[PDB]
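Chemist: One structure, pasted below without further comment.
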Amino acid sequence: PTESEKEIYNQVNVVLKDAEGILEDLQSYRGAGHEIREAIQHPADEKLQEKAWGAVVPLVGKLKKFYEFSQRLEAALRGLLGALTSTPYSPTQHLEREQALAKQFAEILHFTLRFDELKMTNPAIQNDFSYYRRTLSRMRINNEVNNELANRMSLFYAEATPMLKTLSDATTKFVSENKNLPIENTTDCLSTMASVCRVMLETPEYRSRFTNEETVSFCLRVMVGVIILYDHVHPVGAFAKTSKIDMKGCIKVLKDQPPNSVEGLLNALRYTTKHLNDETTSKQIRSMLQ
Amino acid sequence: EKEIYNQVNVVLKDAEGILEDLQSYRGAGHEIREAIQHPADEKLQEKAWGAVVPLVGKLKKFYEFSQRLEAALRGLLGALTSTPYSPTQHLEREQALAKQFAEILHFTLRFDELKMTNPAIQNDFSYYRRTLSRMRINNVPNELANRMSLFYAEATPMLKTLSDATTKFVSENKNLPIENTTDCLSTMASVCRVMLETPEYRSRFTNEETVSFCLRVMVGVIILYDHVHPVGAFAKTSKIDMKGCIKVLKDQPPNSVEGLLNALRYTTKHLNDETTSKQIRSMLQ
């Protein structure tokens with residue numbers, strides 16, 4: 001255990017304990033839909049405007065929290081990748097370190113997908129911040145969320161899967177500043193994790209210690225996580241017929257789950273992927289995703 | 001030529017159809033909220049798409065028309081600003097082009113007032129574009145969509161289009177003095193104020209259709225002026241007299257001019273200047 005690597009483990013662990021609180025905040029996000037729709041439709045009504053404002057300021061407090069955290073997560077991940085791609089694989093000598101770094105990467109992706117699932121099912125978030133930004137521009141007449149931050153946040157929340165796109169960008173950037181390392185070291189981290197996830201899902205017998213909702217829910221979300229990172233940073237990507245990812249098998253295990261459990265995860269594959277809409281991707285895997 | 005005049009009346013006849021389209025605009029708000037919140041239930045995703053395709057048909061109409069309106073104005077400015085003002089000789093022609101200019105601005109504000117009060121339009125098209133990207137998976141069957149998205153992100157889309165269209169015309173006719181354009185705007189603004197301020201309580205001049213016309217046109221022209229005039233419309237020594245202009249607005253039944261005050265808040269250039277009266281900001285707040 002290096003001082004550098006205990007610093008990354010320290011850093012990421014603070015980040016990951018905060019991550020459950022972020023999920024709490026997002027889960028309890030009411031939205032200001034009602035207030036805004038009425039305020040907008042009766043713009044002379046000075047009372048309906050205070051209401052909409054009152055309701056929106058707290059929510060944009062959370063939206064700022066979420067976005068700021070995404071920057072912390074972004075950095076935490078590129079931390080992990082640096083550490084967890086540099087030294088070769090050692091099952092005998094240095095396993096505890098690898099297992100520990102693998103654990104934290106998986107836990108990042110578990111949060112990431114859970115956050116994005118809830119975002120995609122929240123009708124309010126984009127409209128809330130849209131109303132905020134215009135009402136901010138009214139109050140600035142008579143005279144902190146500065147303009148350029150707000151433009152970044154607007155784009156963040158325009159994303160189907162904000163957190164996951166943040167992380168695919170963060171992974172694309174990592175390979176970029178480490179052209180010295182072969183691409184395989186990163187791609188093989190993602191591909192092994194994807195494959196191990198599939199094993200834990202597929203290999204266990206019916207009704208063993210391995211087949212609890214907690215395990216299945218976790219492994220599905222890590223799998224889809226790393227599949228999509230891989231799709232972005234692997235030249236040929238995840239959808240090519242002889243890709244080490246076997247997308248077809250990954251989608252099939254998703255299709256095997258209760259519909260409402262994994263519809264968020266299927267949408268991530270639809271929207272936040274790079275190579276899905278390619279002439280060279282199986283019309284069968286297209287078929288499955290429409 | 002006289003074709004330019006004839007090209008705008010066919011446009012100004014279509015404009016009244018566009019407005020009744022926007023008035024009848026259902027919106028797919030509820031349908032989409034449900035589809036988003038139950039993304040697995042394919043029935044709700046069918047419902048939402050069904051409701052949305054017709055609305056996005058209208059949204060495409062409105063944007064297309066904004067292109068026609070845009071060129072129509074640039075024509076009118078061409079015709080108006082090329083010739084000296086003739087009070088005697090060629091007045092009928094002047095008044096005719098002026099009236100068409102005023103009628104463009106009447107539509108523009110009426111469209112933008114309704115847009116601003118329609119909570120559906122932006123969300124509708126947002127859902128469309130997302131759901132279009134799903135269907136392109138299997139190729140069930142771009143540039144324009146990005147244009148439309150920006151258009152409908154504007155507080156006052158039509159008026160923004162005309163502000164851009166006026167900035168454009170000034171730009172591409174540097175040979176004409178800027179005053180030739182800005183004096184057209186400023187005189188119309190001032191004539192509008194006269195029609196509103198001058199007549200007695202009970203007169204042939206005091207009817208809703210006059211007041212409602214003149215307030216739109218006025219707000220129209222002083223916003224265009226603000227964009228193209230170097231000093232802008234808010235300067236203490238401007239022939240626009242902004243303060244005086246806002247006063248006639250504040251004198252109205254608030255619900256009938258709240259759209260017009262929002263235009264001034266959002267679609268202006270010079271409101272937020274260090275050198276713009278605190279009294280003028282006081283009034284828009």
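Residue numbers start at 1 in each chain; chains themselves are named A, B, ... in the order of the structure tokens; ligands are numbered from 1 in the order shown.
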With 6 Å as the cut-off and only C-alpha atoms counted, what is the closest atom pair between each nearby residue of chain B and chain A? Distances in Å to one decimal, ordered by chain and number, as CSV.

Modeler:
residue,atom,partner,partner_atom,distance
B:33,CA,A:123,CA,5.7
B:36,CA,A:121,CA,5.2
B:37,CA,A:121,CA,4.6
B:40,CA,A:260,CA,5.5
B:117,CA,A:41,CA,4.6
B:119,CA,A:37,CA,5.7
B:137,CA,A:277,CA,5.7
B:138,CA,A:286,CA,5.8
B:255,CA,A:44,CA,5.1
B:258,CA,A:44,CA,5.6
B:272,CA,A:141,CA,5.9
B:281,CA,A:142,CA,5.7

Chemist: Deliver the residues from the most recent selection as a file, using N, CA, C and O atoms, as a PDB file, in the first residue's frame.

Modeler:
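Output saved as result11.pdb:
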ATOM      1  N   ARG B  33     -45.215  13.426 -18.534  1.00  0.00           N
ATOM      2  CA  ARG B  33     -44.930  13.287 -17.079  1.00  0.00           C
ATOM      3  C   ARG B  33     -45.128  11.827 -16.653  1.00  0.00           C
ATOM      4  O   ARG B  33     -44.297  11.322 -15.873  1.00  0.00           O
ATOM      5  N   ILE B  36     -42.587   9.351 -18.553  1.00  0.00           N
ATOM      6  CA  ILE B  36     -41.237   9.548 -17.943  1.00  0.00           C
ATOM      7  C   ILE B  36     -41.161   8.762 -16.629  1.00  0.00           C
ATOM      8  O   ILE B  36     -40.092   8.185 -16.346  1.00  0.00           O
ATOM      9  N   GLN B  37     -42.254   8.762 -15.860  1.00  0.00           N
ATOM     10  CA  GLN B  37     -42.286   8.309 -14.443  1.00  0.00           C
ATOM     11  C   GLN B  37     -42.550   6.799 -14.402  1.00  0.00           C
ATOM     12  O   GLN B  37     -42.304   6.184 -13.345  1.00  0.00           O
ATOM     13  N   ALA B  40     -41.193   1.856 -18.300  1.00  0.00           N
ATOM     14  CA  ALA B  40     -41.320   0.444 -18.733  1.00  0.00           C
ATOM     15  C   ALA B  40     -42.674   0.240 -19.424  1.00  0.00           C
ATOM     16  O   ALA B  40     -42.730  -0.524 -20.408  1.00  0.00           O
ATOM     17  N   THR B 117     -46.791  31.947 -22.150  1.00  0.00           N
ATOM     18  CA  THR B 117     -47.802  31.525 -21.195  1.00  0.00           C
ATOM     19  C   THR B 117     -48.129  30.042 -21.408  1.00  0.00           C
ATOM     20  O   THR B 117     -48.944  29.506 -20.632  1.00  0.00           O
ATOM     21  N   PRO B 119     -46.986  26.368 -21.060  1.00  0.00           N
ATOM     22  CA  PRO B 119     -45.975  25.687 -20.251  1.00  0.00           C
ATOM     23  C   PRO B 119     -45.452  24.399 -20.902  1.00  0.00           C
ATOM     24  O   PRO B 119     -44.557  23.788 -20.346  1.00  0.00           O
ATOM     25  N   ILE B 137     -32.796   4.046 -33.584  1.00  0.00           N
ATOM     26  CA  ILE B 137     -32.165   2.729 -33.267  1.00  0.00           C
ATOM     27  C   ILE B 137     -32.344   1.792 -34.467  1.00  0.00           C
ATOM     28  O   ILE B 137     -31.324   1.381 -35.055  1.00  0.00           O
ATOM     29  N   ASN B 138     -33.598   1.468 -34.798  1.00  0.00           N
ATOM     30  CA  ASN B 138     -33.967   0.425 -35.794  1.00  0.00           C
ATOM     31  C   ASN B 138     -34.096   1.073 -37.177  1.00  0.00           C
ATOM     32  O   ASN B 138     -34.451   0.357 -38.134  1.00  0.00           O
ATOM     33  N   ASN B 255     -52.769  42.379 -16.543  1.00  0.00           N
ATOM     34  CA  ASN B 255     -52.766  41.031 -17.173  1.00  0.00           C
ATOM     35  C   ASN B 255     -52.609  41.171 -18.692  1.00  0.00           C
ATOM     36  O   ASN B 255     -52.257  40.166 -19.339  1.00  0.00           O
ATOM     37  N   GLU B 258     -48.447  42.196 -19.292  1.00  0.00           N
ATOM     38  CA  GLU B 258     -47.424  41.458 -18.501  1.00  0.00           C
ATOM     39  C   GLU B 258     -46.445  40.778 -19.466  1.00  0.00           C
ATOM     40  O   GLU B 258     -45.234  40.775 -19.175  1.00  0.00           O
ATOM     41  N   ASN B 272     -29.623  46.264 -18.764  1.00  0.00           N
ATOM     42  CA  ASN B 272     -28.776  45.814 -17.626  1.00  0.00           C
ATOM     43  C   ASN B 272     -27.458  46.598 -17.635  1.00  0.00           C
ATOM     44  O   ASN B 272     -26.538  46.217 -16.884  1.00  0.00           O
ATOM     45  N   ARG B 281     -35.194  50.330 -14.062  1.00  0.00           N
ATOM     46  CA  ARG B 281     -35.034  48.979 -13.457  1.00  0.00           C
ATOM     47  C   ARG B 281     -36.077  48.801 -12.349  1.00  0.00           C
ATOM     48  O   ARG B 281     -36.744  47.747 -12.328  1.00  0.00           O
TER      49      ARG B 281
END

Chemist: Got a sec to tell me which of stretch 128-267 of chain A DSSP assigns to helix (DSSP H, G or I), as a PyMOL selection string?

Modeler: chain A and resi 128-142+147-158+162-176+184-202+213-233+247-255+259-267

Chemist: Write out as a list in words which residues come within 6 Å of stretch 65-75 of chain B when counting only C-alpha atoms, dropping same-chain ones fewer than 4 positions away.

Modeler: residues 8, 162 and 165 of chain B

Chemist: Could you list, as a PDB file with N, CA and C atoms, in the first residue's frame, every residue within 12 Å of residue A:9, counting only C-alpha atoms and ignoring same-chain residues fewer than 2 positions away?

Modeler:
ATOM      1  N   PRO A   1       0.861  -1.217   0.000  1.00  0.00           N
ATOM      2  CA  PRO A   1       0.000   0.000   0.000  1.00  0.00           C
ATOM      3  C   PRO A   1       0.885   1.252   0.000  1.00  0.00           C
ATOM      4  N   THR A   2       0.880   1.998  -1.108  1.00  0.00           N
ATOM      5  CA  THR A   2       1.651   3.259  -1.290  1.00  0.00           C
ATOM      6  C   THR A   2       0.897   4.412  -0.617  1.00  0.00           C
ATOM      7  N   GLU A   3       1.623   5.441  -0.169  1.00  0.00           N
ATOM      8  CA  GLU A   3       1.045   6.685   0.413  1.00  0.00           C
ATOM      9  C   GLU A   3       0.121   7.339  -0.620  1.00  0.00           C
ATOM     10  N   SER A   4       0.588   7.442  -1.868  1.00  0.00           N
ATOM     11  CA  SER A   4      -0.201   7.890  -3.047  1.00  0.00           C
ATOM     12  C   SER A   4      -1.543   7.148  -3.087  1.00  0.00           C
ATOM     13  N   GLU A   5      -1.506   5.822  -2.919  1.00  0.00           N
ATOM     14  CA  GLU A   5      -2.641   4.904  -3.207  1.00  0.00           C
ATOM     15  C   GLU A   5      -3.597   4.886  -2.008  1.00  0.00           C
ATOM     16  N   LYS A   6      -3.073   5.147  -0.807  1.00  0.00           N
ATOM     17  CA  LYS A   6      -3.873   5.325   0.436  1.00  0.00           C
ATOM     18  C   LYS A   6      -4.567   6.692   0.390  1.00  0.00           C
ATOM     19  N   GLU A   7      -3.985   7.640  -0.350  1.00  0.00           N
ATOM     20  CA  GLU A   7      -4.541   9.003  -0.566  1.00  0.00           C
ATOM     21  C   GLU A   7      -5.748   8.912  -1.506  1.00  0.00           C
ATOM     22  N   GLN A  11      -9.388   9.646  -0.369  1.00  0.00           N
ATOM     23  CA  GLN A  11     -10.178  10.562  -1.238  1.00  0.00           C
ATOM     24  C   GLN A  11     -11.508   9.891  -1.600  1.00  0.00           C
ATOM     25  N   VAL A  12     -11.442   8.730  -2.259  1.00  0.00           N
ATOM     26  CA  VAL A  12     -12.598   8.081  -2.950  1.00  0.00           C
ATOM     27  C   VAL A  12     -13.623   7.649  -1.895  1.00  0.00           C
ATOM     28  N   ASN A  13     -13.156   7.341  -0.681  1.00  0.00           N
ATOM     29  CA  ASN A  13     -13.970   6.706   0.391  1.00  0.00           C
ATOM     30  C   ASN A  13     -14.859   7.772   1.043  1.00  0.00           C
ATOM     31  N   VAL A  14     -14.292   8.953   1.313  1.00  0.00           N
ATOM     32  CA  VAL A  14     -15.050  10.184   1.691  1.00  0.00           C
ATOM     33  C   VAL A  14     -16.120  10.439   0.625  1.00  0.00           C
ATOM     34  N   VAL A  15     -15.709  10.466  -0.647  1.00  0.00           N
ATOM     35  CA  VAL A  15     -16.593  10.746  -1.819  1.00  0.00           C
ATOM     36  C   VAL A  15     -17.762   9.754  -1.803  1.00  0.00           C
ATOM     37  N   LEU A  16     -17.475   8.478  -1.525  1.00  0.00           N
ATOM     38  CA  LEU A  16     -18.423   7.347  -1.726  1.00  0.00           C
ATOM     39  C   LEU A  16     -19.397   7.276  -0.546  1.00  0.00           C
ATOM     40  N   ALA A  76     -12.227  11.565  -8.670  1.00  0.00           N
ATOM     41  CA  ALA A  76     -12.099  10.304  -7.900  1.00  0.00           C
ATOM     42  C   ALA A  76     -11.827   9.139  -8.859  1.00  0.00           C
ATOM     43  N   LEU A  77     -12.542   9.097  -9.988  1.00  0.00           N
ATOM     44  CA  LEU A  77     -12.484   7.977 -10.967  1.00  0.00           C
ATOM     45  C   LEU A  77     -11.101   7.957 -11.629  1.00  0.00           C
ATOM     46  N   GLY A  79      -8.355   9.386 -10.622  1.00  0.00           N
ATOM     47  CA  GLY A  79      -7.567   8.870  -9.485  1.00  0.00           C
ATOM     48  C   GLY A  79      -7.457   7.354  -9.509  1.00  0.00           C
ATOM     49  N   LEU A  80      -8.598   6.661  -9.449  1.00  0.00           N
ATOM     50  CA  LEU A  80      -8.676   5.176  -9.381  1.00  0.00           C
ATOM     51  C   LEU A  80      -7.945   4.574 -10.586  1.00  0.00           C
ATOM     52  N   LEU A  81      -8.226   5.091 -11.787  1.00  0.00           N
ATOM     53  CA  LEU A  81      -7.758   4.520 -13.080  1.00  0.00           C
ATOM     54  C   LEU A  81      -6.229   4.595 -13.146  1.00  0.00           C
ATOM     55  N   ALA A  83      -4.112   4.708 -10.628  1.00  0.00           N
ATOM     56  CA  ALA A  83      -3.614   3.743  -9.619  1.00  0.00           C
ATOM     57  C   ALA A  83      -3.840   2.309 -10.114  1.00  0.00           C
ATOM     58  N   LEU A  84      -4.992   2.056 -10.744  1.00  0.00           N
ATOM     59  CA  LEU A  84      -5.548   0.692 -10.961  1.00  0.00           C
ATOM     60  C   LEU A  84      -5.354   0.282 -12.426  1.00  0.00           C
ATOM     61  N   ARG A  97      -4.931  -4.821  -2.434  1.00  0.00           N
ATOM     62  CA  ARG A  97      -4.900  -3.475  -3.070  1.00  0.00           C
ATOM     63  C   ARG A  97      -5.852  -3.464  -4.272  1.00  0.00           C
ATOM     64  N   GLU A  98      -5.669  -4.406  -5.203  1.00  0.00           N
ATOM     65  CA  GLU A  98      -6.471  -4.516  -6.451  1.00  0.00           C
ATOM     66  C   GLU A  98      -7.952  -4.658  -6.082  1.00  0.00           C
ATOM     67  N   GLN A  99      -8.284  -5.681  -5.288  1.00  0.00           N
ATOM     68  CA  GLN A  99      -9.667  -5.978  -4.825  1.00  0.00           C
ATOM     69  C   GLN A  99     -10.295  -4.699  -4.261  1.00  0.00           C
ATOM     70  N   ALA A 100      -9.508  -3.922  -3.508  1.00  0.00           N
ATOM     71  CA  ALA A 100      -9.949  -2.713  -2.772  1.00  0.00           C
ATOM     72  C   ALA A 100     -10.244  -1.584  -3.765  1.00  0.00           C
ATOM     73  N   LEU A 101      -9.402  -1.448  -4.794  1.00  0.00           N
ATOM     74  CA  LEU A 101      -9.533  -0.410  -5.853  1.00  0.00           C
ATOM     75  C   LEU A 101     -10.681  -0.792  -6.794  1.00  0.00           C
ATOM     76  N   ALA A 102     -10.748  -2.070  -7.180  1.00  0.00           N
ATOM     77  CA  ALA A 102     -11.873  -2.673  -7.934  1.00  0.00           C
ATOM     78  C   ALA A 102     -13.192  -2.379  -7.209  1.00  0.00           C
ATOM     79  N   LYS A 103     -13.228  -2.615  -5.894  1.00  0.00           N
ATOM     80  CA  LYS A 103     -14.425  -2.415  -5.033  1.00  0.00           C
ATOM     81  C   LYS A 103     -14.935  -0.978  -5.202  1.00  0.00           C
ATOM     82  N   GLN A 104     -14.022  -0.004  -5.143  1.00  0.00           N
ATOM     83  CA  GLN A 104     -14.342   1.449  -5.102  1.00  0.00           C
ATOM     84  C   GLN A 104     -14.847   1.891  -6.480  1.00  0.00           C
ATOM     85  N   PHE A 105     -14.238   1.365  -7.548  1.00  0.00           N
ATOM     86  CA  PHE A 105     -14.639   1.613  -8.958  1.00  0.00           C
ATOM     87  C   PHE A 105     -16.077   1.120  -9.165  1.00  0.00           C
TER      88      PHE A 105
END

Chemist: Considering only C-alpha atoms, return as a count of residues only whatever protein or nucleic-acid residues lie within 12 Å of residue B:116, sequence-local ones (same chain, fewer than 4 positions apart) excluded.

Modeler: 31
